[PDB]
Amino acid sequence: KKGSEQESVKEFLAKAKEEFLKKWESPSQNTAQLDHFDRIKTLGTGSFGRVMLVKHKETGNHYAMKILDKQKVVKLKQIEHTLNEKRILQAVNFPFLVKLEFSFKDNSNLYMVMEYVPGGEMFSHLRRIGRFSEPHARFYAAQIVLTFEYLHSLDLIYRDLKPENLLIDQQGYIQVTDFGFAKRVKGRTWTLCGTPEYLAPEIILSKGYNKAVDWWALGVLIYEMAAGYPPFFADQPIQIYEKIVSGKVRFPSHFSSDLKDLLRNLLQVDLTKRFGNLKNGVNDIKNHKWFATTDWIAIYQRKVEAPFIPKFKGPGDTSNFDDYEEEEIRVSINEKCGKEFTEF
Amino acid sequence: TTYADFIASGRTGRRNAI
Ligand SMILES: Nc1ncnc2[nH]cnc12
């Protein structure tokens, strides 16, 4: 059904695309420098560097600064992906996408300075409590549905959905971080990337694929939130891939009938049948019986009561994050990889 | 139980991208 509510969504996305393309075509660059910030503590790590809590000297604001070593990016063949990441993040604008405040580079590193989201990773809370109730999981899932509706309308694919990347803010709502695999593409793409538990079968099998891989990954996320473990797990990645492509999924006995039905349609190997990829697009998902209680506009406006509010001891506190070994930020006296990253 | 199998597995910590 295409009624008044659907036309409002359409008009909202049209204006959102006008604003995105202006920034996509004319990206911001070199908007701060390293000594504008005091470095406080590491919030997480990855293959190219680390995300650090920092304090902006001139305002006293706290931020999260992602640091990438240019030489390590080159060795991992992630140059173009890193240029994608920053060009996309500086252009997007949505309530559940973390905001990029500054970016710059020096002889050794690339820096993206984002809003600090103090509540910690969904991953931490999910592992500690075991599993979320279905209303809890539905609250978070609705935010991801709207965020993918926004991203996909801009021809963006996200490609790394997982609880490790979903931060909980002070109102209890989600902020998506890490756009290292995000890509703007019309038609199909072919890169083998993501996280093993969340890969769609068409990625594993080296087919061309499109935004339907994000909807598969949503199915994995909802399952993991409500069960406490992912639908395909093993000790070695090859064993995970064999389960993903097999065509078989089993559900905990406490999953509601509606939840199992939604997940059978999201975790669908047949692309002609996977929810999110049919003629009705995202509306097959938004109108599924499992989402009957979800007021999509109220979610977008952050007027729904959150399942929990993270503990907050004060500004700059990190109690909702694990501790990591601290390593220096070394800046070489010689410029590294300048031509490769000239547009950053 | 499937939960007990997950908790004893090697992939309950943060998962790196490929
Ligand atoms: N990992 C992270 N932790 C907290 N705030 C963030 N903002 C962006 N990435 C973040």
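Read top to bottom, the protein sequences are chains A and B.
If you use the authors' numbering, the first sequence closes out at 350, no skipped numbers anywhere.
If you use the authors' numbering, the second sequence closes out at 22, no skipped numbers anywhere.
Even for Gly, the Cβ is constructed at its ideal location relative to N, Cα and C.
- For A:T201, the neighbours in chain B by C-beta distance under 8 Å run, in chain order, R19, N20, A21, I22.
- Excluding residues up to 5 positions away in sequence, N99 lie with their Cβ nearer than 7 Å to the Cβ of A:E25 in the same chain.
- Around the Cβ of A:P141, a 10 Å sphere holds fewer than 16 other Cβ atoms; the residue is exposed.
- A straight-line Cα-Cα distance of about 43 Å links A:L160 and B:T5.
- Uninterrupted beta strand (DSSP E) stretches at least 3 residues long and entirely within the region 179-238 of chain A occur at 180-182, given in chain order.
- Put simply, of A:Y235, A:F281, A:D44 the residue whose alpha carbon is nearest the alpha carbon of A:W221 is A:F281.
- Annotated three-state conformation of A:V60 is strand, per DSSP.
- A:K111 is classed as buried because its beta carbon has at least 16 other beta carbons within 10 Å across all chains shown.
- The contact set of A:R133 on chain B, defined by CB atoms closer than 8 Å, consists of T16 in chain order.
- A:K47 has its alpha-carbon roughly 6 Å from the corresponding atom of A:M58.
- Around A:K72, the same chain offers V57, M118 as residues with beta carbons nearer than 6 Å, after the five sequence neighbours per side are excluded.
- Listed by position along chain B, the residues whose Cβ is nearer than 9 Å to that of A:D220 form an empty set, because the closest Cβ is around 15 Å away.
- Here the alpha carbons of A:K309 and A:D301 stand approximately 10 Å from one another.
- Under DSSP, A:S53 shares a beta bridge with no residue.
- Setting aside the 5 residues that flank it on each side, A:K249 is surrounded in the same chain by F238, each with a C-beta closer than 6 Å to its C-beta; the list follows chain order.
- In the DSSP assignment, A:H158 falls outside any beta strand (DSSP E) and lies within the alpha helix (DSSP H) extending over 140-159.
- With a cutoff of 7 Å, A:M58 does not count as near ligand 1, since its C-beta is closer than that to no heavy atom of the ligand.
- Under DSSP, A:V251 shares a beta bridge with no residue.
- Taking C-beta atoms as the reference points, A:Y235 and B:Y7 count as a pair closer than 8 Å.
- At a Cβ-Cβ threshold of 8 Å, A:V182 and A:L116 do not count as neighbours.
- Using a Cβ-Cβ distance cut-off of 8 Å, the region 143-163 of chain A and the region 190-198 of chain A are in contact, since at least three pairs of beta carbons, one from each stretch, lie closer than that value.
- Taking C-beta atoms as the reference points, A:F297 and A:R144 count as a pair closer than 8 Å.
- Distances from the CA of A:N113 to each of A:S338, A:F347, A:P202 were compared; the closest alpha carbon is that of A:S338.
- For A:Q149, the CB contacts under 7 Å within the same chain, skipping 5 residues up- and downstream, are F102, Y179, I180, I305 in chain order.
- A:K213 and A:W196 have their C-alpha atoms roughly 7 Å apart.
- Sequence-distant Cβ neighbours of A:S10 in its own chain, meaning closer than 6 Å and more than five residues away, do not exist here.
- With the criterion CB distance below 6 Å from any heavy atom of ligand 1, the matching residues run A:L49, A:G50, A:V57, A:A70, A:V104, A:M120, A:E121, A:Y122, A:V123, A:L173, A:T183 along the chain.
- Fully contained in the region 284-343 of chain A are the following alpha helix (DSSP H) runs of length 4 or more, in chain order: 289-292, 302-306.
- A:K319 has its alpha-carbon roughly 8 Å from the corresponding atom of A:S325.
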